[PDB]
Amino acid sequence: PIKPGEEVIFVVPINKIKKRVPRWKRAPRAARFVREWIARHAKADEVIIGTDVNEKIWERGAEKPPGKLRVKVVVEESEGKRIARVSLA
Amino acid sequence: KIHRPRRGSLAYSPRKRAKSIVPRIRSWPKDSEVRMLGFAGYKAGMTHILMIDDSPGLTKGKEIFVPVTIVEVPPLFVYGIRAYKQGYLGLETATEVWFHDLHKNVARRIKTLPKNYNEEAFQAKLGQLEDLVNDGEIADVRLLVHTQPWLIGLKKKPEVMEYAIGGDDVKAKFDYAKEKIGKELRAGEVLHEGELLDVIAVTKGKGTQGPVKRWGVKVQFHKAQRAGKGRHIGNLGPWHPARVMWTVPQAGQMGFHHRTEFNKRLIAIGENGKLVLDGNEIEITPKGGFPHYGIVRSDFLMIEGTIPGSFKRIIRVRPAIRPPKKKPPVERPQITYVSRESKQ
Amino acid sequence: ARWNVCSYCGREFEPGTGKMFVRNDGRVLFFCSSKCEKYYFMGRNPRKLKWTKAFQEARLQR
RNA sequence: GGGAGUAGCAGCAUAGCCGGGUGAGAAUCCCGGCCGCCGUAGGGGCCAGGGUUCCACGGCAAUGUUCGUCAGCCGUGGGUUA
RNA sequence: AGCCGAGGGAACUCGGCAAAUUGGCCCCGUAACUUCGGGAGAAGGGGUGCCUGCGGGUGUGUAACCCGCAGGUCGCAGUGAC
RNA sequence: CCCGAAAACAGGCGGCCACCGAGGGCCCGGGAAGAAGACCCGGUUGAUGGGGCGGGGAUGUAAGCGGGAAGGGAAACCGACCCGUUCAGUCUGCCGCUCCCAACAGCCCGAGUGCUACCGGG
Ligand SMILES: [Zn+2]
């Protein structure tokens with residue numbers, strides 16, 4: 001899969017879970033979507049999201065999260081388990 | 001008292017999900033032309049044309065507006081011949097012969113294909129079938145067919161079907177079949193331009209629905225709307241008989257029903273995705289493609305009006321079993337315009 | 001098979017579409033879409049909108 | 001006992017998320033930040049009535065409409081000066 | 001519990017129940033009848049934003065609060081939401 | 001025309017396994033299907049979802065920069081709005097190309113015994 005050291009740009013589509021959820025619960029769902037998307041695509045078993053990504057998502061409230069996030073993903077190996085660290089771009 | 005007709009038809013009951021997605025043809029017409037009595041394809045989209053009216057009735061000889069459904073039809077592969085005999089009640093299968101070299105993707109539907117089965121054995125089995133058909137124990141002959149979606153890029157898992165042949169005799173039918181097995185059929189070899197067709201398919205799914213939408217029940221008065229019973233019916237029945245009858249409108253599955261439609265005129269059969277008007281060659285695929293269906297590549301039919309089903313669904317056409325006495329002619333009507341503009 | 005011309009945004013639109021509006025004085029108008037018709041009867045000026053042709057006809061008069 | 005592992009734990013103020021910790025154990029306990037409700041009252045003060053409910057340390061059998069390492073709950077020791 | 005609905009406009013119903021219409025301020029103009037106090041906000045009509053400016057009242061006031069007018073311009077809509 | 005092998009004479013044909021293993025389910029990526037179940041297409045013999053590149057569509061010409069503007073002020077300068085850069089910018093629950101990321105790793109159900117009374121070969 002993606003090599004540990006090298007940092008990759010991913011674009012997370014949040015437009016997908018919109019209309020799956022009530023309007024007032026879209027940002028809390030978008031967070032979990034980011035987590036799962038990044039885990040699946042990095043083949044990671046743990047994920048660590050930044051306060052900057054969170055504050056980006058909640059920039060406008062609980063009703064209008066961005067339709068596409070653009071994140072940088074860098075991976076670490078510790079005890080034979082992959083761990084992603086997510087930042088903005 | 002006051003009278004009105006009942007709400008809905010009892011002729012399409014039980015209104016239940018279809019046993020299969022591939023439709024089923026129960027009856028076949030009386031044709032003399034020895035030919036296959038049908039074809040199959042995949043539905044692409046709708047558009048409109050303008051044509052000079054050929055059909056009887058005022059509006060004949062004028063320029064009118066005609067909506068049109070495009071049906072994509074790659075060739076079929078004929079892989080089987082199947083005989084039927086007469087039993088105590090009705091027909092019953094008697095023998096089958098298959099072709100030996102079949103595509104690698106047919107095992108996506110028929111997992112258990114034969115192992116040795118070379119041409120030697122194929123020809124021997126054919127001979128047995130012929131020596132049986134020349135005896136007299138035979139009642140009719142049919143062909144076994146499969147589709148080839150790999151050509152248009154739609155899918156790989158194919159569809160398998162059984163079609164009939166025209167004529168009062170069986171040895172002419174066997175000659176036709178023996179000539180056709182192992183090869184491909186194109187729609188121009190079978191269907192004519194101007195025929196009336198019956199279309200057969202499975203309709204779109206709507207889900208579980210209530211009686212207002214599923215049977216045409218009238219919404220109730222605004223006081224009942226404020227009481228909690230607007231989209232409900234009033235009565236499940238009387239006191240005696242002391243049970244609910246099957247004729248009382250209830251909720252349940254709406255859509256995904258096996259339907260048929262009569263007398264849809266075939267207007268044009270095209271080749272390689274283009275329509276050659278009298279003057280010049282033209283394309284049918286609109287700007288930006290069809291919504292929910294891409295570009296048309298192989299072959300296609302223009303059908304007058306509407307047909308049952310969603311876009312990428314499998315359709316089956318046959319020549320009309322219930323035609324009128326005043327038929328329109330069999331020839332491509334004069335077309336003056338075809339819409340290629342964006343349909344999305 | 002005549003291609004008709006919108007009286008709001010000036011473009012040619014295809015057979016089997018659009019609208020004709022008739023006034024009680026016999027004058028006629030053609031409309032390609034719901035938008036052009038609504039803007040007309042609402043009172044908007046197509047001469048300020050860069051997606052019409054009245055815009056170029058005015059660009060001249062500048 | 002069956003009803004039944006069902007109804008109800010919606011409606012009048014729809015609120016939580018990221019990071020860190022403590023711990024056998026954390027949707028719900030603590031710290032930070034983001035996002036939000038009230039805002040001539042859901043803020044601030046004080047009668048009657050209640051009577052220790054106040055405070056700190058230690059706990060989780062039971063109570064708390066869920067969990068709970070929390071608590072107006074349980075244990076020990078304190079606290080009201082004209 | 002709420003938002004919009006083409007064309008018709010109470011044909012619905014015991015019944016125009018429910019919903020919708022109107023809506024602030026300035027100016028003009030306002031009936032029958034009357035216990036001459038009222039009716040009366042009767043009714044009916046026009047206007048209303050932003051910008052650039054000019055004047056008036058009280059006041060020592062290029063402090064403060066109020067009152068009139070012209071011109072330019074944007075929009076389907078200027079008590080633009082409440 | 002619609003339903004229909006639970007039609008108790010509980011059917012007919014073709015083919016594959018049994019006398020390790022034919023087939024099937026879970027699982028993964030999605031919807032043309034959907035209250036749970038079921039159904040359909042795909043799973044590296046690969047364009048199923050995302051991305052990037054382009055096509056088509058919806059609104060209606062972005063910010064910044066430059067010039068003008070009723071009128072005001074000694075002058076510098078204010079100034080609602082207008083023109084140009086600009087069929088622009090933003091968006092796409094639509095199509096196409098392209099293996100750049102992910103459809104991996106696997107796990108379970110599974111027919112398989114016989115007798116007299118026999119039918120037609122041995
Ligand atoms: Zn127009």
Given a cut-off of 23 Å, name the pairs among B:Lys43/B:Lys264; A:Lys64/C:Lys50; B:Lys157/B:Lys312; B:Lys343/C:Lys35; A:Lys19/C:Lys35 whose C-alpha atoms lie farther apart than that in the structure shown. A:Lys64/C:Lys50; A:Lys19/C:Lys35
For segment A:54-89, listing trypsin sites (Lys or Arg not before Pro) in a DSSP loop whose Cβ sees at most 14 other Cβ atoms within 10 Å gives A:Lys81
Which three lengths, in whole Å and largest first, does chain A cover when its Cα atoms are put on their principal axes? 40, 22, 18
Neighbourhood net charge (13 Å Cβ-Cβ; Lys/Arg +1, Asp/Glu -1) for B:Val248: +4
23 Å Cα cut-off, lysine pairs counted over segment B:173-225 (separation 8 or more, or different chains): 4
Sequence ranges B:205-214, B:178-187, ranked by mean other-Cβ count within 10 angstrom, highest first: B:178-187, B:205-214
Based only on other Cβ atoms within 10 Å, what is the fewest-to-most ordering of B:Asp135, A:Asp45? B:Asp135, A:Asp45
For segment B:233-298, which trypsin sites (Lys or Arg not before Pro) are in a loop by DSSP, counting at most 12 other Cβ atoms within 10 Å? B:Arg243, B:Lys287
Given the protein assembly as shown, report the % of alpha carbon pairs whose separation exceeds 33 Å. 64 percent
Using only Cα positions of chain C, each an equal point scatterer, no hydration layer, compute I(q)/I(0) via Debye at q = 0.12, 0.15, 0.28 Å⁻¹ and quote the log10 values to two decimals. -0.32, -0.49, -1.19
Taking every other residue with Cβ under 12 Å from the Cβ of C:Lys53 and scoring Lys and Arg +1, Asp and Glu -1, one gets +2
In the neighbourhood of B:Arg24 defined by beta carbon distances under 11 Å, the net charge of the other residues (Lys, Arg +1; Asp, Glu -1) is +2
What angle, in degrees between 0 and 90 and rounded to the nearest 10, separates the Cα long axis of helix B:119-133 from the longest principal axis of the Cα atoms of chain B? 70 degrees
Out of B:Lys327, B:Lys223, B:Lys171, a Gaussian network model of chain B with alpha-carbon springs under 10 Å gives the largest mean-square fluctuation to B:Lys223
With Kirkwood's inverse mean 1/r over C-alpha pairs for Rh, give me the Rg to Rh ratio of segment B:254-344, two decimals please. 0.98
So the angle from the long Cα axis of helix B:171-180 to the longest Cα principal axis of chain B, reported in degrees to the nearest 10, equals 80 degrees
Taking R0 as 56 Å and r as the Cβ-Cβ distance between C:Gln56 and B:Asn105, the FRET efficiency 1/(1 + (r/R0)^6), rounded to the nearest 0.05, comes to 0.45
Order of C:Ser7, C:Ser34, B:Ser27 from fewest to most other C-beta atoms within 10 Å? B:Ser27, C:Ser34, C:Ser7
Give me the base-10 log of I(q)/I(0) for chain B at each q in 0.11 Å⁻¹, Debye formula, one uniform scatterer per Cα, rounded to two decimals. -0.91
Take peptide C:9-15, look around each residue's Cβ out to 10 angstrom, count Cβ atoms belonging to other protein chains, and average those counts. 2
Can you pull out the trypsin sites (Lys or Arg not before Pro) in segment C:1-49 that DSSP calls coil and that have at most 15 other Cβ atoms within 10 Å? C:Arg2, C:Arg11, C:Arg23, C:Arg27, C:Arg44
Karplus-derived HN-Hα couplings along segment B:214-221 (A = 6.51, B = -1.76, C = 1.60, θ = phi - 60°), whole Hz, x at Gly and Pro: 8, 10, x, 4, 7, 4, 8, 4
Unpartnered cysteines - no second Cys beta carbon under 4.7 Å - across the protein assembly as shown: C:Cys9, C:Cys36
Ranked list, fewest to most other Cβ atoms within 10 Å of each Cβ, for C:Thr17, B:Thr203: C:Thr17, B:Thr203
Rounded, prolate or oblate: which one fits segment B:59-184, using the alpha carbon gyration tensor with axes a ≥ b ≥ c (rounded when a/c is under 1.5, else prolate when a/b beats b/c, else oblate)? oblate
So what's the angle, to the nearest 10 degrees on a 0 to 90 scale, between helix A:26-42 and the longest Cα principal axis of chain A? 20 degrees
About its Cα centre, segment B:29-173 carries a charge dipole, from +1 on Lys and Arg Cβ atoms and -1 on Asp and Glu Cβ atoms, whose size in debye to the nearest 20 is 860 debye
Give me the Debye-computed log₁₀ of I(q)/I(0) at q = 0.14, 0.19, 0.26, 0.34 Å⁻¹ for segment B:86-128, equal point scatterers on Cα only, no solvent, two decimals. -0.49, -0.73, -0.94, -1.20
Let me spell out the model: positive unit charges on the Cβ of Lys and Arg, negative unit charges on the Cβ of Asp and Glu, origin at the Cα centre of segment B:166-241. What dipole size does that give, in debye rounded to 20? 1220 debye
Quick one: what Rg and Dmax do you get for segment B:177-273 from the alpha carbons, in Å? 23.9, 72
Assigning unit charges at the beta carbon (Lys, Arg +1; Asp, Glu -1) and nothing else, what dipole magnitude in debye, to the nearest 20, does the protein assembly as shown show about its Cα centre? 4180 debye
Among B:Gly182, B:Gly207, B:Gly194, pick out the residue whose Cα is farthest towards the positive end of the charge dipole of segment B:150-221, where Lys and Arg carry +1 and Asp and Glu carry -1 on C-beta, about the Cα centre. B:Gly207
Output field shielding_mean for B:8-16 (other chain Cβ, 10 Å radius) holds 0
The FRET efficiency for B:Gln225 and B:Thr112, from their Cβ-Cβ distance with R0 = 45 Å and rounded to 0.05, is 0.15
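Laboratory data are not the source of any read-out in this text; all were calculated from the coordinates shown. Positions of Cβ are generated from backbone atoms using ideal geometry, with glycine treated the same way; all protein chains shown enter the neighbour counts.
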